[PDB]
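Peer 1: Need a 3D model of the following:
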Amino acid sequence: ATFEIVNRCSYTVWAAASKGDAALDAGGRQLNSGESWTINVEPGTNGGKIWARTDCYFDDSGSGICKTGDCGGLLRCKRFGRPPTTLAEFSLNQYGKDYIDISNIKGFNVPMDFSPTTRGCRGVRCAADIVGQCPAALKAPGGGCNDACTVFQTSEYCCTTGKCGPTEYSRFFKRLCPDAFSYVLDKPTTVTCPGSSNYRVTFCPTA
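Peer 2: Numbers count the residues shown, from 1 in each chain. Let me share the structure:
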């Protein structure tokens with residue numbers, strides 16, 4: 001499947017793509033403002049994620065750091081990124097269908113649209129100014145808006161036991177972005193697409 005990753009933000013981002021135990025395609029790449037990078041994701045990929053990283057430095061071997069979403073210091077991510085990270089999440093060719101969502105469960109750094117480029121389903125979007133509006137307690141000094149699990153490490157926020165409810169913090173994310181997961185047991189906003197759909201992830205879709 002193809003995923004065109006488009007940076008419409010006014011700032012550079014470093015796109016990342018992983019399924020947690022491995023890179024998807026090259027795993028990461030710089031996107032200056034306006035650039036597009038198309039990756040190929042193997043059919044059947046379960047639990048894939050795409051995210052933006054901000055404020056990165058990498059040396060000539062691709063080792064460094066980012067202020068959000070850093071994946072072990074690598075340009076070419078093999079693992080998931082450090083919160084806060086807005087997440088484009090997908091599982092492809094799962095009993096003949098694809099499943100997509102956006103999640104704020106690991107916080108928010110960059111606004112995103114995640115849409116099919118092929119027929120048969122709708123896209124999802126979280127494009128509100130969550131960083132600007134972030135509650136004081138959740139503001140990340142390194143940049144972004146942390147989720148409450150990251151900040152407070154409680155069973156309720158992290159939903160450790162599978163017993164959790166919505167919280168004042170999750171409701172903030174949900175108010176700003178109804179169409180994204182705000183906590184682990186949120187009412188799902190997953191979209192079912194035809195198996196082997198193709199996609200576009202757009203950072204900063206509305207500016």
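Peer 1: Who is residue 126 paired with across the strands?
Peer 2: residue 112 (DSSP bridges).
Peer 1: quick one: contacts for it?
Peer 2: 86, 102, 104, 108, 111, 112, 176, 177, 179, 180 (C-beta atoms under 8 Å, 6 or more residues apart in numbering). All C-beta atoms are positioned from the backbone trio N, CA, C, and that covers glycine.
Peer 1: cutoff 6 Å now
Peer 2: Taking C-beta atoms under 6 Å, 6 or more residues apart in numbering, we find residue 126 in contact with 102, 177, 180.
Peer 1: What subset of these is buried?
Peer 2: 102, 177, 180 (16 or more other C-beta atoms under 10 Å).
Peer 1: for the last one, phi and psi?
Peer 2: Just to be clear, that refers to residue 180. When read as degrees, to the nearest 10, the backbone of residue 180 gives phi -130, psi 150.
Peer 1: next structured bit after the top helix by length along the chain?
Peer 2: Using DSSP state H to define each element, the chain has its longest helix at helix 168-176. Following helix 168-176 in sequence order, the next helix or strand is strand 191-194 (DSSP states H and E).
Peer 1: The next helix or strand after that next one pairs with which strands?
Peer 2: Counting by DSSP H and E, the next helix or strand C-terminal to strand 191-194 is strand 199-203. Paired neighbours of strand 199-203 in the sheet (DSSP bridges): strand 2-7 (parallel), strand 112-116 (antiparallel).
Peer 1: Flag every buried residue along the first one.
Peer 2: Applying a neighbour-count criterion of 16+ other C-beta under 10 Å, one finds 3, 5, 6, 7 buried in strand 2-7.
Peer 1: show me what contacts the last one?
Peer 2: Applying C-beta under 6 Å, 6+ apart, we find residue 7 in contact with 13, 31, 35, 203.
Peer 1: what's the closest of these to residue 76?
Peer 2: Distance to residue 76, by C-beta to C-beta, is smallest for residue 31 among these, at 13.8 Å.
Peer 1: Hmm, residue 16 and that closest one touching each other?
Peer 2: No: with contact defined as C-beta atoms under 6 Å, residue 31 does not reach residue 16; the gap is 10.4 Å.
Peer 1: who's more crowded, the two?
Peer 2: Neighbour count, other C-beta atoms under 10 Å: between residue 31 and residue 16, residue 16 has more, with 30 against 22.
Peer 1: right, and that one touches residue 51 too?
Peer 2: Yes: counting by C-beta under 6 Å, residue 16 touches residue 51, with 5.2 Å between them.
Peer 1: what residues are shared contacts of those two?
Peer 2: The contact lists of residue 16 and residue 51 share residue 81, where a contact means C-beta under 6 Å, 6+ apart.
Peer 1: what about residue 27, neighbour count?
Peer 2: Residue 27: 20 surrounding residues under other C-beta under 10 Å.
Peer 1: quick one: secondary structure of it?
Peer 2: What DSSP: H, G, I helix; E, B strand; the rest coil gives for residue 27 is strand.
Peer 1: Please produce TSV containing the strands paired with strand 199-203, extended by distance to residue 207.
Peer 2: Formatted as TSV, those follow (distance: least, C-beta to C-beta, whole Å):
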stretch	distance to residue 207
strand 2-7	12
strand 112-116	12
